[PDB]
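One chain follows as structure tokens, the form deposited in one PDB entry.
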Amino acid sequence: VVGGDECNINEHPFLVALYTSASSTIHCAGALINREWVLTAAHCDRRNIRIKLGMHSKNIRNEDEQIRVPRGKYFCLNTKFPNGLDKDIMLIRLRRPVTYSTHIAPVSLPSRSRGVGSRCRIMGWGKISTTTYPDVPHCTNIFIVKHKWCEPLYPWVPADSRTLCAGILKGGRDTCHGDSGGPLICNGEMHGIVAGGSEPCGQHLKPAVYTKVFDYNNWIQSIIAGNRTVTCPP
């Protein structure tokens, strides 16, 4: 995250970091939905995903940190594009559940749709400068803007797609490499999943794309409920 500061240590209990059995590098983040499920971006998938929960500083371990691996991964199968990036969302079922604590808690799903003008918050362990990664997660506030700003910039984001275009039109604040899959929080609810923006991040007139979670509530609830035939919203 660029243009922000270290997040409050208690404001991201649902934030998980994603890496692999091969690299300790945090290539994405995700959001804890309940004791056994994490929501993240589909492009964040890797062969041997590893998930760190309850973490803030990468060098100063929180007492309640937990490490988990997937037992199941679910995607949208009805996508406009074959790589599935127009519906960049994925559910990960943890091999073993986690217990809630101060630093490990579920995020609430959106109870209603929020649009242009809404002030939201982004967070992650992604780059904070051109070539620098933070030791702690950084946070900042951005706004949901007209979807037209993202369309000409991102080929995988068609008009009327289930995504929110958000950031700071003037530039300076934005999600960056390593932040994808993380949650976009608006009024205490997760309204988005970081899909991606431009490189370098924070450029003037270049907001980023966030998968609109509200549209996927039914799919998410169904999947967690045990349904394995339900499909994502058209």
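Residue numbers here begin at 1 and follow the sequence given.
Keep in mind that the form deposited with a partner chain bound is not shown, yet the notes after this line are about it.
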{"property": "Check all three, 37, 70 and 106, heavy atom within 4.5 Å of the partner chain in the deposited bound form", "result": "no"}
{"property": "Contact flag, residue 149 vs the partner chain in the deposited bound form, heavy atom cut 4.5 Å", "result": "no"}
{"property": "Proximity of residue 199 to the partner chain in the deposited bound form, heavy atoms at 4.5 Å", "result": "yes"}
{"property": "4.5 angstroms heavy atom contact with the partner chain in the deposited bound form for residue 192", "result": "no"}
{"property": "is_contact(residue 43, the partner chain) in the deposited bound form, heavy atom dist at most 4.5 Å", "result": "yes"}
{"property": "The single option of 94, 76, 145, 157 touching the partner chain in the deposited bound form, heavy atom within 4.5 Å", "result": "157"}
